[PDB]
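Participant: Numbered per the deposited numbering, the first sequence spans residues 137 to 364, 385 to 397, 410 to 494. Ideal Cβ placement from N, Cα and C applies to all residues, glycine included.
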Amino acid sequence: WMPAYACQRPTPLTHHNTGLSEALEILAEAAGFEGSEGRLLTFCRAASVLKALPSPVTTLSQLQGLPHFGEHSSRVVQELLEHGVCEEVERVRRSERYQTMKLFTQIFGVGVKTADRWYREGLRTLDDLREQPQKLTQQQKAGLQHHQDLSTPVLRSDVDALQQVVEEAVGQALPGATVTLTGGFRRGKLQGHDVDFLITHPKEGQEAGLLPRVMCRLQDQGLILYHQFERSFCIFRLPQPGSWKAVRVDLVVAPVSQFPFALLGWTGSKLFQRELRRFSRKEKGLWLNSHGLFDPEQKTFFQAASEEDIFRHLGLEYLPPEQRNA
DNA sequence: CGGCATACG
DNA sequence: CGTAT
DNA sequence: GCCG
Ligand SMILES: [Mg+2]
Ligand SMILES: [Mg+2]
Ligand code: NA
């Protein structure tokens with residue numbers, strides 16, 4: 137009944153097993169901090185399965201036959217059902233390693249590998265990093281300076297304001313160019329930690345060279361607190397009552425021939441796209457990315473005019489963005 | 001046991 | 001190495 | 001950690 141790939145089933149934003157999925161996602165996150173991508177994936181997938189169920193899991197037997205539930209994930213659920221708490225999960229939560237790796241990896245410019253090195257050097261706090269700024273990149277310096285604002289959720293009201301200012305700069309950079317909201321907000325989220333925009337133009341090729349022109353205009357408007385092509389990871393100045413706050417904004421440009429693939433990729437979720445690409449390659453023999461869908465036998469790319477086209481060419485039932493919350 | 005998504009900056 | 005979904 |  138429950139298919140094995142997350143792209144084969146609807147996953148709504150809110151569901152009936154929130155606490156169970158959150159516990160599994162703690163273990164997934166911890167596995168990632170230790171470099172165990174395989175364990176991270178299994179725990180992520182098991183969490184996602186529960187998000188897709190039509191009602192709460194109340195008994196252990198309801199896990200029988202669910203994909204990605206083996207001894208470990210099942211035991212986690214069993215303990216939560218019987219005692220409201222899983223000792224392993226709580227042990228991770230309070231560990232100095234988990235808390236510090238989470239704190240460090242949250243910094244824009246710091247990945248697992250950097251965080252881990254710092255952890256091994258004895259660093260534990262943000263002020264520990266500030267007191268040795270010679271070791272930080274310019275990106276990390278920006279992430280650390282803006283860390284407090286960047287930890288505050290972006291609201292859907294903020295998004296509309298940012299979109300209008302991005303369209304203004306885009307319209308001057310290239311008349312006729314369009315801006316599409318992607319990422320978590322396109323899946324229906326009411327809050328987020330960043331805002332993702334996809335930019336294109338209806339005349340193939342006109343979008344070449346566009347992103348530098350957009351960025352230089354935004355910067356001239358005084359809206360860019362930080363930025364470093386076709387992808388830009390920025391920190392924007394967002395107006396606030410009597411002041412402002414820093415917000416992470418990603419801008420991506422794609423040619424209109426590739427727009428369906430880029431929209432699909434950048435709308436996520438992250439797990440959904442990984443599962444979709446795994447499904448494409450392993451079940452259909454097709455290679456999927458955010459630029460296209462390649463048949464390695466015929467050596468041809470699939471033309472798509474819509475996301476609907478892509479789901480059809482992979483033999484999957486269409487899922488709107490709000491059901492891609494794997 | 002191999003595999004685990006696939007890019008760009 | 002970082003970033004993104 | 002789990003699947004095929
Ligand atoms: Mg986002
Ligand atoms: Mg983003
Ligand atoms: Na980071």
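#1: Taking 8 Å as the threshold, find out whether the region 142–158 comes into contact with the region 194–201 through three or more Cβ pairs.
#2: Considering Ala309, what are the terminal residues of the alpha helix (DSSP H) in which it resides?
#3: Apart from the five residues just before and just after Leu149, which ones in its own chain have a Cβ nearer than 7 Å to its Cβ?
#4: Near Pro289, what residues of its chain come up, given a Cβ to Cβ distance below 6 Å and the 5 sequence neighbours on each side ignored?
#5: Could you please go through the chain and list the residues whose beta-carbon is closer than 6 Å to any non-hydrogen atom of ligand 2?
#6: In whole angstroms, give me the CA-to-CA distance for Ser425 and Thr435.
#7: According to DSSP, simplified to helix, strand and coil, what is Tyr486?
#8: Rank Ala414, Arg260 and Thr316 by C-alpha distance to the C-alpha of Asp332 and give the top, closest one.
#9: Report yes if the C-beta of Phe169 is less than 7 Å from at least one heavy atom of ligand 3; otherwise report no.
#10: Please report how far the alpha carbon of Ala164 lies from the alpha carbon of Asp418, in whole angstroms.
#11: Hey, is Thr241 close to ligand 3, as in C-beta under 7 Å from one of its heavy atoms?
#12: Could you please give the first and the last residue of the uninterrupted alpha helix (DSSP H) stretch that includes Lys249?
#13: Under 7 Å: does the beta carbon of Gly328 sit that close to some heavy atom of ligand 1?
#14: By a C-beta neighbour count over all protein chains shown, 10 Å radius and 16 as the cutoff for buried, is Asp294 buried or exposed?
#15: Can you give me the start and stop residues for the beta strand (DSSP E) that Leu239 sits inside?
#16: Do the region 172–184 and the region 231–250 meet, that is, are 3 or more Cβ pairs less than 8 Å apart?
#17: What does DSSP give as the partner residues of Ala414 in its beta bridges?
#18: Measuring only the C-alpha atoms, how far is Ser437 from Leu444?
#19: According to the neighbour-count rule (16 or more other Cβ atoms, all chains shown, within 10 Å of its Cβ), is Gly279 buried or exposed?
#20: Which term fits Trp137, buried or exposed, when burial requires 16 or more other beta carbons within 10 angstroms of its beta carbon?
#21: Going by alpha carbons, who is nearest to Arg229 out of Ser458, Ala166 and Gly320?
#22: Using CA coordinates, which residue listed in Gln214, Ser411, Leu160 and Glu207 is at the minimum distance from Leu196?
#23: Buried or exposed: where does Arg266 fall if 16 or more other Cβ atoms within 10 Å of its Cβ makes it buried?
#24: Counting C-beta neighbours from all protein chains within 10 Å, is the total for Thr318 16 or more, i.e. buried, or is it exposed?
#25: When the Cβ atoms of the region 296–310 are set against those of the region 456–468, are three or more pairs found closer than 8 Å?
#26: What does DSSP give as the partner residue(s) for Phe462 in the beta ladder?
#27: Using only alpha-carbon positions, find the residue among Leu461, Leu217 and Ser388 that is nearest to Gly345.
#28: Looking at C-alpha atoms only, which residue of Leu354, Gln242 and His152 is the closest neighbour of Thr194?
#29: Can you tell which of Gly245, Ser210 and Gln281 has its C-alpha closest to the C-alpha of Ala183?
#30: At a cut-off of 7 Å, would you count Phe244 as near ligand 3, judging by its Cβ distance to the nearest heavy atom?
#31: Could you spell out the range, first to last residue, of the alpha helix (DSSP H) harbouring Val213?
#32: Between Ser448 and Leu454, how many whole angstroms is the CB-CB distance? I'm expecting something under 8 Å.
Facilitator: Well, looking at it:
#1: no
#2: For the purposes of this step, residue 309 is taken as residue 173 along the first sequence, with counting starting at 1. Here the alpha helix (DSSP H) through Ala309 covers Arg292 to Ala309.
#3: Along the first sequence, one-based indexing puts residue 149 at 13. Here the set comprises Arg323, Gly324, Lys325, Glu490 and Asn493.
#4: Position 153 of the first sequence, counting from 1, holds the residue named residue 289. Counting only Cβ-Cβ distances below 6 Å, and skipping sequence neighbours, we find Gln327.
#5: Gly319, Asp330, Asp332 and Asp418
#6: Stepping through the first sequence from its first residue, residue 425 is reached at position 257. Stepping through the first sequence from its first residue, residue 435 is reached at position 267. So the two alpha carbons sit approximately 17 Å from each other.
#7: Indexing the first sequence from 1 puts residue 486 at position 318. Of the three classes helix, strand and coil, the one that applies to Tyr486 here is coil, per DSSP.
#8: Working through the first sequence from its first residue, we reach residue 332 at position 196. Among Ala414, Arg260 and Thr316, the Cα nearest to that of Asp332 belongs to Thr316.
#9: Taking the first residue of the first sequence as 1, we reach residue 169 at position 33. Checking every heavy atom of ligand 3 against the Cβ of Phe169, none is found closer than 7 Å.
#10: One-based indexing of the first sequence puts residue 164 at position 28. One-based indexing of the first sequence puts residue 418 at position 250. Approximately 25 Å between the Cα atoms of the pair.
#11: Taking the first residue of the first sequence as 1, we reach residue 241 at position 105. Yes, the beta carbon of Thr241 sits closer than 7 Å to at least one heavy atom of ligand 3.
#12: Locating residue 249 in the first sequence gives position 113, counting from the first residue. Note, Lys249: alpha helix (DSSP H), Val248 to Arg256.
#13: As a first step, residue 328 is located in the first sequence; it is residue number 192 there, counting from the start. Indeed, a heavy atom of ligand 1 lies less than 7 Å from the Cβ.
#14: For this step, residue 294 is matched to residue 158 along the first sequence. Its Cβ being crowded by 16 or more others within 10 Å, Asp294 is buried.
#15: To locate residue 239, count along the first sequence from 1; it is residue 103. Per DSSP, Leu239 belongs to no beta strand (DSSP E); it is in the alpha helix (DSSP H), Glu232 to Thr241.
#16: no
#17: Translated into positions along the first sequence, residue 414 becomes position 246. Note: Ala414 sits in a beta bridge opposite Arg393.
#18: Along the first sequence, one-based indexing puts residue 437 at 269. Along the first sequence, one-based indexing puts residue 444 at 276. Their Cα atoms are separated by approximately 10 Å.
#19: Translated into positions along the first sequence, residue 279 becomes position 143. Buried: at least 16 other Cβ atoms inside 10 Å.
#20: Walking along the first sequence from the start, residue 137 turns up at place 1. Exposed.
#21: Stepping through the first sequence from its first residue, residue 229 is reached at position 93. Comparing Cα positions, the closest option is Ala166.
#22: In the first sequence, counting from the first residue as 1, residue 196 sits at position 60. Checked all of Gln214, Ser411, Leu160 and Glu207; the closest Cα to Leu196 is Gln214.
#23: Within the first sequence, numbered from 1, the residue matching residue 266 stands at position 130. The residue is exposed, with fewer than 16 neighbouring Cβ atoms inside 10 Å.
#24: Within the first sequence, residue 318 is the residue found at index 182, counting from 1. Per the 10 Å Cβ criterion, buried.
#25: no
#26: In the first sequence, the residue the question calls residue 462 occupies position 294. DSSP output for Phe462 lists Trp455 and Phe469 as bridge partner(s).
#27: Stepping through the first sequence from its first residue, residue 345 is reached at position 209. Closest by alpha carbon: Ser388.
#28: Residue 194 sits at position 58 when you count from the first residue of the first sequence. The candidate whose alpha carbon is nearest that of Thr194 is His152.
#29: Here residue 183 is taken as the residue at index 47 of the first sequence, counted from 1. Answer by Cα proximity: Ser210.
#30: The residue you call residue 244 lines up with position 108 of the first sequence. Yes, the beta carbon of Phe244 sits closer than 7 Å to at least one heavy atom of ligand 3.
#31: Position 77 of the first sequence, counted from the first residue, corresponds to residue 213. Looking at the DSSP string, the run of the alpha helix (DSSP H) that includes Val213 is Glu207 to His219.
#32: The residue you call residue 448 lines up with position 280 of the first sequence. The residue you call residue 454 lines up with position 286 of the first sequence. Correct: roughly 5 Å between the Cβ atoms.
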